[PDB]
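If you want the building blocks of each chain, they are given just below.
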Protein chains: 4
Amino acid sequence: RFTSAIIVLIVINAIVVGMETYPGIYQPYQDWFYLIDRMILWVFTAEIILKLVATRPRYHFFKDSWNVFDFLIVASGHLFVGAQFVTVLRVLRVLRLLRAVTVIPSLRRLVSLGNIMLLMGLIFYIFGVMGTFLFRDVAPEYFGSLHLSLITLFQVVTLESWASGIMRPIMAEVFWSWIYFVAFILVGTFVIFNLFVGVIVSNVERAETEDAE
Amino acid sequence: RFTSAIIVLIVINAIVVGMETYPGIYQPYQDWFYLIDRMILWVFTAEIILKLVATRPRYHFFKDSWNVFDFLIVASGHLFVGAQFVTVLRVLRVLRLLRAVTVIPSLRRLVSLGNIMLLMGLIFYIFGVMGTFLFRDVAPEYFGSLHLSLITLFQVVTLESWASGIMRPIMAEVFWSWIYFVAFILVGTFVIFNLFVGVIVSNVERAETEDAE
Amino acid sequence: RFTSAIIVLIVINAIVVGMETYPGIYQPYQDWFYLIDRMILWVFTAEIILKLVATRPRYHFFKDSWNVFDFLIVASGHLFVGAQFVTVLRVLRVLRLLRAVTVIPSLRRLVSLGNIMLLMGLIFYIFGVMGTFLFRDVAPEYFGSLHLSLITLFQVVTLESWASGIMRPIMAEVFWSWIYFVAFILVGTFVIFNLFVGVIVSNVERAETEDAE
Amino acid sequence: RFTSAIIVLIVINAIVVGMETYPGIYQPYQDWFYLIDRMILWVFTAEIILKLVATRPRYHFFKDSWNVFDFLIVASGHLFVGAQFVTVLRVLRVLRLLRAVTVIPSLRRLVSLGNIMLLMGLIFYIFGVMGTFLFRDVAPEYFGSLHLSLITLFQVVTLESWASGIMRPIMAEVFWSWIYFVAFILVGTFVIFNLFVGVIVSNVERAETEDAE
């Protein structure tokens, strides 16, 4: 019943945080949700404390990642409303909704690429700098800076409005721009496909390892 | 021949409902399709009744989901044209075209995510509220409300016009907006891929279970 | 050498057809490509005839689909330039480039859904008619007609500009329009994924059947 | 330590090339990065030379593709700043960042379609020419030329703004244009899916061959 009680509050406070967003609800029942917040934080501190002793020596609790998360989460919520950064700590309190992941199984269940990731990162950097020198002057919004180039090239990998929005217009100035992007799309696309082809093989392999165990 | 006769009418009435849409056809042969509708509903009531007795004791019919569906469908079509909600019941009559699914096999053949679905739902809620507070004032159409945020964030997951349509314009006001969406896209995208990676493993597993049976 | 000779011409005439497109090239070497066309058609008729006798009794040739294709293709190209439909037959001549598929292996190599396809078709028809009645008046371009609805709903399945281009604007008039499309997208998307999940299982199964053979 | 030393410089020069992009940084520390470039090129020439002798007889070095790449890369960087094409050789120097791929394993690890690729290429050519004759006059930007048609048809395969951006507008002039594109999309899409269905089967097969070895 302990866990169920906690999971319940999480959902309850979770829905309340959404109500706290509405400026309207805030005028009438501003305090009501305010107090309920103080109450939940308290019950959670008590919960955390209990768990601490029960975990085994207090140490073990600090060993578990899920527990430490719940600890840190509650800690931030504990910090007085006022503070150097009243707002940030105030907003980070919403992170407690993440408690839902820890408290309930399965979710945690769901929650080998580095190599390819690094290669791709290198690729983006290369084309990012090249693109900047190639279209920054004429297209300052997209290619103006290295960071602007990074974001635009990420947009093209997602293939969102790459032609109509980016390439077609750029071709007006530079007819050969297609030479730059088509190849980029091919390489980027190709890697992504292989990446997936690799994640699933490791997936199926895990299934077999599971049967062995 | 009984089933074939029924499947035939379904297709016939199915094509007629499409004709009933055209205001033009309505003027000339309005009545012709009108009468054909009354006739089909009748033959279907007779059909349903027959099935009821044949199913075994009348009970069994009420046991089958496909049969109950056909029952409820026909029932709605039975309700007099006029009624409190003449229109709704009148439009719901089109649901009888769904009879095609029940009557013919295979279709029914085609017709383990909850966990991930819940996690994602939680995620959208979190970002939905955050986005509302972050861009609602400046971007009332997209972020104005919690529900508006939900729809816009769903659009970005589909990756449709996220950059050109949403992000680029939002960056004008908030340059850091990219920090909010890129991460969102990664998380959302990542889950989706894993979700698929899981549905297919359960799929292939079913294939093996089938051979065992 | 016979086949190689034929494959060569195909590629040669194939490149020529592309040149025949340019109005410029047409002025200078209009005749040159014109004559080369007559020559190739002739050599192909001779080829077809030879094959006919060689196939075994002439009959067998008419048994093979690839051969009949090549036959029909050449036949159309044989029809005099002038005719009732000088243009159509003239343009259909380009179909001979398809000879490349027949003549060369592998291509033919590359070149269980019906059930789902039918279900989906039914689905589109249902929503197509519903959409027409729902937004045709206000949105005649997209929903104006049943066929217009079909094309727009196909666009949304491809997920191309569904929100920014279609849904967002439609919401201006109808705020609940999202209720109609989101569900549509889910159903359509879901089926597509399962469809793929099925094509690949049949694919892998074929691989195993191949090893058995 | 030798390799680590080299991998380090690569990353260091890699970050410097990105700084060399900024016109601002260029004014203050233009020379500083300039000299560091000369120094790295030197250490790399020495590196290449050492490897040459160590490879076994100098020959073997010239046998390895990775080594030859590193050789050619450095060679271009060696060419004096000034030259017939001062700029091109100057820009190609960035290719040395590719050294990262050679020097570090894994990347190289990541780095059976021809048949389908050829078929698709043929397909694009066919539709490319047809599209040109069909919409070039009215739509010169998209269909104006054979090459313009190629790029636009590639855009539609990516499914980016095909309807809203291309098809819808084209329908204004030609209502039947949908007949041309829908089929194109189906064929192109279908092949792509099968292509993937084939790459992964070869992938999984390699996994099995690996266990055999």
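Rules of the game
Residues numbered from 1 in each chain as written, not as in the entry; some residues may be left out. Chains lettered and ligands numbered in written order. Heavy atoms only, no water. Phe/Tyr/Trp six-rings, centres within 6.5 Å; stacked < 30°, edge-to-face > 60°. Helix = DSSP H or I, 4+ residues; strand = E, 2+ residues; numbered from the N terminus. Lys NZ or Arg CZ within 6 Å of the ring centre and 35° of its normal. Salt bridge = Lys/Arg side-chain N within 4 Å of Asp/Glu carboxyl O. Buried < 20%, exposed > 50% of the residue type's maximum accessible area, 1.4 Å probe, protein only. Least-squares fit on C-alpha atoms. Contact = heavy atoms within 4.5 Å. Patch = residues over 30% accessible without salt bridge, like charges linked within 9 Å, V, L, I, M, F, W, Y side chains within 5 Å. Areas by Shrake-Rupley, 256 points an atom, 1.4 Å probe, with all protein chains shown as cover.

Per the deposited record, determination of this structure is attributed to electron crystallography, with the resolution reported as 9.00 Å.

Q: Can you explain the packing of aromatic side chains? Please cite residues and give values.
A: For the structure on display, the rule yields 68 aromatic pairs over all chains. With 5.4 Å between their ring centres and 45° between their planes, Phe127 of chain C and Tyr180 of chain C make a pair best called tilted. Linking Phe127 of chain C in helix α9 (residues 114-135) with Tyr180 of chain C in helix α12 (residues 177-212), this pair joins segments that are 53 residues apart in sequence. Linked through ring pairs, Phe193 and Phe196 of chain A, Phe193 and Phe196 of chain B, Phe193 and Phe196 of chain C together with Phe193 and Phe196 of chain D together constitute an aromatic cluster. In this arrangement the basic side chain of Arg108 of chain A is found over the ring face of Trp66 of chain A, its NZ or CZ atom lying 3.7 Å from the centre.

Q: Describe the pattern of salt bridges, and please don't skip the residues or the numbers.
A: Residues and elements named next belong to chain B. What the rule picks out here adds up to 20 salt bridges over all chains. Close ionic contact of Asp137 with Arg136 constitutes a salt bridge, the shortest N to O distance being 2.8 Å. Taking the relative accessible area as the measure of exposure, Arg136 reaches 19% and is therefore buried.

Q: An account of the relation of the copies chain A and chain B is requested, with residue identities and associated values reported.
A: For the pair chain A and chain B, the relating rotation is 90°, the translation along its axis is 0.0 Å, and the fit reaches an RMSD of 0.0 Å. With respect to symmetry, the two chain copies, as superposed, fit the operation of a four-fold axis. Of the residues that chain A buries at the interface, just 11% are likewise interface residues in chain B, meaning the two copies contact each other through different surfaces.

Q: Before we move on, could you go through the environment of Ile12 of chain D and cite the residues and values that matter?
A: Residue and element names in this part refer to chain D. Locating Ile12 in the fold gives a position in helix α1 (residues 2-19). Assessed through its relative accessible area of 33%, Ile12 is described here as partly exposed. The spacing of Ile12 and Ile36 is 24 residues in sequence and 9.7 Å in space, taken between C-alpha atoms.

Q: Account for a nonpolar patch on the surface, with residues named and values stated.
A: Residue and element names in this part refer to chain A. A cluster of nonpolar residues, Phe85, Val88, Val91, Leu92 and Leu95, forms a patch on the protein surface that exposes about 400 Å² of accessible area. Tracing the backbone shows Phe85 in the loop between α5 (65-78) and α6 (86-92). According to the relative accessible area criterion, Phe85 is exposed, its value standing at 53%.

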